[PDB]
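Novice: got a sequence here, can you model it:
(one chain, ligands or ions: 3)
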Amino acid sequence: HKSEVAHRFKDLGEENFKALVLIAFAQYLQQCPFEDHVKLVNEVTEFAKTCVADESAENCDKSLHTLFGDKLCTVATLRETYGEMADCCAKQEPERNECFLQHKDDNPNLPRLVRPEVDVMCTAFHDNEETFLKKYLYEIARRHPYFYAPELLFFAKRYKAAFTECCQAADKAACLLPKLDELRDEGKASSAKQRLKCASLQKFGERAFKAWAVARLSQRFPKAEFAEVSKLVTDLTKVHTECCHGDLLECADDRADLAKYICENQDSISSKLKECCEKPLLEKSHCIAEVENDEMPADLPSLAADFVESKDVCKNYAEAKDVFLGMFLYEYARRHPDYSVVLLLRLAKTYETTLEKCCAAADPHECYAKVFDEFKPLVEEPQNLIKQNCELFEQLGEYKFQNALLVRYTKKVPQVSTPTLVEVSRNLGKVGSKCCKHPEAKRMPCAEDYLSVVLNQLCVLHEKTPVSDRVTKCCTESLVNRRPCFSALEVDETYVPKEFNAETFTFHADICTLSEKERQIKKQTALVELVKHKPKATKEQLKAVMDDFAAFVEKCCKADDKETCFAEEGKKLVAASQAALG
Ligand SMILES: CCCCCCCCCCCC(=O)O
Ligand SMILES: CCCCCCCCCCCC(=O)O
Ligand SMILES: CCCCCCCCCCCC(=O)O
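Specialist: Numbers count the residues shown, from 1 in each chain. Ligands and ions are numbered 1, 2, ... in the order given. Next up is the structure itself:
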């Protein structure tokens with residue numbers, strides 16, 4: 001504690017400092033123009049530099065929280081633009097700040113950000129590279145005010161990389177386009193988990209959050225001691241609570257600290273984190289969070305000894321139920337990095353359930369006797385699902401695989417909107433290609449991580465617009481029974497098919513000139529609709545119809561007076577098909 005700004009400036013750097021101040025000021029005053037924030041950042045940076053000169057310079061003593069709210073309140077148009085928020089400026093510190101993140105908007109009503117043309121971008125990049133990146137940083141900052149600043153800055157650097165490299169290439173687009181698409185989805189996946197992790201905290205509460213982190217932290221640091229895991233799981237949870245609240249500074253410091261701790265006691269935690277601990281302040285935590293699993297020691301005993309044989313399991317259990325279970329988790333976790341965290345939690349719950357319905361019996365040691373036996377089924381189910389689905393993703397391929405899903409889920413919840421079913425089965429197919437790549441050792445974990453966001457993205461929609469009681473059932477269940485529930489959904493026999501169309505099954509020659517992406521969506525949408533008119537159709541009946549329409553498409557997108565092909569030939573298809581599906 002010598003001088004807030006000065007210190008942050010000092011071990012952050014003018015470049016990173018200037019970028020973070022912008023992001024922070026943009027996540028609050030999300031309605032102010034660019035040219036307006038650029039002045040603040042310059043005013044603030046001119047300040048931090050004044051302080052660097054003389055730590056005793058006026059106001060260099062103030063707290064970042066105080067100095068910040070002070071700047072925010074100097075926005076003369078704060079009342080006219082933000083109104084209610086301008087009311088915050090009348091309060092003292094602690095409640096001024098609070099007042100501010102209270103009025104932080106989660107869903108700014110701003111125009112979707114459109115991706116310009118590679119050549120326009122690259123030329124903007126070439127002419128004024130800083131204002132080009134700052135403007136876009138500012139644009140994504142205000143659209144996601146709850147996105148952890150430092151992480152947002154991390155993506156920016158990846159953007160400047162892709163541009164720098166591609167803008168000086170041959171098929172600039174061939175280069176640039178796939179990068180931006182990868183970045184987009186990554187940034188979106190990152191933001192979905194940030195929001196998802198905070199929501200799980202809200203509903204399910206600290207305990208389940210704690211049980212999740214023990215299994216996950218102890219899978220990564222198999223060499224750490226349960227007391228060290230707990231220390232971390234404790235500090236970790238405090239970090240998420242803090243960060244979820246939205247206070248960047250408080251959240252930053254909390255992450256900075258936990259990172260210092262882990263790096264100092266790194267040998268006591270893991271070996272695979274050397275590099276991360278040599279990195280600059282800004283990337284220490286980010287690095288560590290993404291660190292790879294350490295190798296689990298080679299003298300690892302058999303659980304059944306301490307948790308299923310040895311009497312007193314009930315004595316050690318009742319003495320401190322959670323610490324014991326937490327021990328079971330830590331133990332089972334580090335021995336299984338090939339399991340999804342949920343699967344582990346699924347086993348601890350089963351263990352817990354048993355200990356409870358057994359320690360309360362004359363002979364307990366013989367009650368919870370065959371317990372590890374009940375674990376078996378629980379492990380096989382997610383394994384089989386991954387096998388058959390990756391097996392299928394092989395003989396089919398991404399697109400044709402996505403169709404198999406489309407057909408499969410459309411029959412389960414026919415009530416679900418079509419543009420929604422498509423979106424979901426599309427992202428689901430992607431998970432198959434992104435995970436079916438790695439040995440079976442890193443598959444389940446992979447799948448769990450992707451499915452989690454996808455399943456949540458789906459439930460969020462179903463919220464604002466309930467359509468099925470079933471989807472809502474799984475969506476409201478424990479973040480642990482969520483997936484198995486969906487997996488359990490059965491073909492909707494109750495469903496009453498919509499009336500046949502022709503308009504829905506009409507195709508004009510534009511598909512021949514559409515982007516594969518748009519061509520697939522078109523074909524896929526029709527497929528969903530097709531299954532909704534005959535959800536009792538076979539994989540046989542359906543394949544045929546699907547082939548005939550494929551040939552037909554190519555067989556008209558290679559003709560002439562071809563608007564006629566679609567119409568003339570299409571009438572024969574929709575007609576012959578109607579008959580096949582009865
Ligand atoms: C003027 C405001 C300075 C910005 C404060 C945020 C500092 C972020 C430090 C990185 C913390 C972390 O490791 O996550
Ligand atoms: C701090 C460790 C606590 C261990 C609790 C064992 C049960 C884990 C499952 C939590 C999720 C749930 O109850 O559905
Ligand atoms: C949008 C409605 C579709 C709902 C299905 C969600 C898919 C869950 C994936 C679980 C894998 C499986 O068992 O099929």
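Novice: where does residue 496 fall, secondary structure wise?
Specialist: For residue 496, there is no host helix or strand (DSSP states H and E).
Novice: got the contact list for stretch 512-524?
Specialist: 399, 402-403, 406, 422, 425-426, 507, 511, 549, 553, 556-557, 562 (CB atoms under 8 Å, 6 or more residues apart in numbering). Any C-beta I mention is one placed from the backbone N, CA and C, and that applies to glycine too.
Novice: show me what counts as buried in that stretch.
Specialist: 512, 519-521, 523-524 (16 or more other CB atoms under 10 Å).
Novice: for stretch 398-409, same thing?
Specialist: Buried, per 16+ other CB under 10 Å, within stretch 398-409: 401-407, 409.
Novice: and what of stretch 454-471?
Specialist: So, applying 16+ other CB under 10 Å, buried residues of stretch 454-471: 454-459, 461-462, 468, 470-471.
Novice: does any part of the helix or strand hosting residue 421 sit near ligand 3?
Specialist: For residue 421, the host element (DSSP H and E) is helix 418-435. Yes: counting by CB under 6 Å from any ligand atom, ligand 3 has neighbours in helix 418-435: 420-421, 424.
Novice: isn't residue 531 up against residue 411?
Specialist: Yes: counting by CB atoms under 8 Å, residue 531 does reach residue 411; the two are 6.3 Å apart.
Novice: so for the two, which sits in the more crowded spot?
Specialist: Neighbours were counted for residue 531 and for residue 411 using other CB atoms under 10 Å; residue 531 has more, 23 against 19.
Novice: give me the nearest residue to the more buried one, chain neighbours excluded.
Specialist: Setting aside the residues directly before and after it, residue 531 is nearest to residue 410 in space (CB to CB, 6 or more residues apart in numbering), at 4.5 Å.
Novice: now do residue 70
Specialist: Nearest to residue 70 is residue 62, by CB to CB, 6+ apart, at 7.6 Å.
Novice: any idea which element the spatially closest residue to residue 418 that is not a sequence neighbour lies in?
Specialist: Leaving aside its sequence neighbours, residue 418 sits nearest to residue 528 (CB to CB, 6+ apart; 4.7 Å). Taking DSSP H and E as the definition, residue 528 sits inside helix 516-533.
Novice: next helix or strand past that helix?
Specialist: Taking DSSP H and E as the definition, the helix or strand right after helix 516-533 is helix 539-554.
Novice: tell me what that following helix is packed against?
Specialist: Counting contacts by 3 or more CB pairs under 8 Å, 6 or more residues apart in numbering; DSSP states H and E, helix 539-554 packs against helix 398-412, helix 516-533, helix 570-580.
Novice: tell me the buried residues in stretch 230-250?
Specialist: Quick answer for stretch 230-250 (16+ other CB under 10 Å): 230-233, 236-237, 239-240, 242-244, 246-249.
Novice: go on, stretch 65-76?
Specialist: Quick answer for stretch 65-76 (16+ other CB under 10 Å): 65, 67-69, 72-73, 75.
Novice: name the nearest of those relative to residue 373.
Specialist: Among these, residue 65 lies closest to residue 373 (CB to CB), at 55.7 Å.
Novice: what's the nearest residue to that closest one if we skip its chain neighbours?
Specialist: Per CB to CB, 6+ apart, closest to residue 65 is residue 97, 5.3 Å.
Novice: right, is the helix or strand hosting the one you found up against ligand 1?
Specialist: If you go by DSSP H and E, residue 97 is part of helix 93-102. No: using CB under 6 Å from any ligand atom, we find that helix 93-102 stays clear of ligand 1, coming within 13.8 Å at best.
Novice: tell me the buried residues in that helix?
Specialist: 96-97, 99-101.
Novice: so which of these also contact ligand 2?
Specialist: Near ligand 2, by the rule CB under 6 Å from any ligand atom, you find none of these.
Novice: for the buried residues of stretch 398-409, give me JSON lines that also has distance to ligand 2.
Specialist: Output for those, formatted as JSON lines (distance: CB to the nearest ligand atom, whole Å):
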{"residue": "401", "distance to ligand 2": "32"}
{"residue": "402", "distance to ligand 2": "31"}
{"residue": "403", "distance to ligand 2": "35"}
{"residue": "404", "distance to ligand 2": "31"}
{"residue": "405", "distance to ligand 2": "27"}
{"residue": "406", "distance to ligand 2": "31"}
{"residue": "407", "distance to ligand 2": "32"}
{"residue": "409", "distance to ligand 2": "25"}
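Novice: pull the most distant pair out of those residues.
Specialist: Once CB to CB is applied, the buried residues of stretch 398-409 give 401 and 409 as the farthest pair, at 12.7 Å.
Novice: rewinding a little: and which of the buried residues of helix 93-102 is nearest ligand 1?
Specialist: Closest to ligand 1 out of those is residue 97 (13.8 Å), distances taken as CB to the nearest ligand atom.
Novice: the closest one reaches residue 67, doesn't it?
Specialist: No: counting by CB under 8 Å, residue 97 sits too far from residue 67 to count as a contact (11.4 Å).
Novice: next SSE after the longest helix seen in the chain?
Specialist: Longest helix of the chain, by residue count under DSSP state H: helix 172-220. Using DSSP H and E, the next helix or strand after helix 172-220 towards the C-terminus is helix 226-245.
Novice: just the angle between that next one and helix 172-220, please?
Specialist: 140 degrees (axes from the mean of the first three to the mean of the last three CA atoms, to 10 degrees).
Novice: indicate whether helix 226-245 makes contact with ligand 2.
Specialist: No: using CB under 6 Å from any ligand atom, helix 226-245 never reaches ligand 2; the gap is at least 7.2 Å.
Novice: just how off-centre is that helix within its chain?
Specialist: A distance of 20 Å separates the centroid of the chain from that of helix 226-245, by CA atoms, centre = their mean, to the nearest Å.
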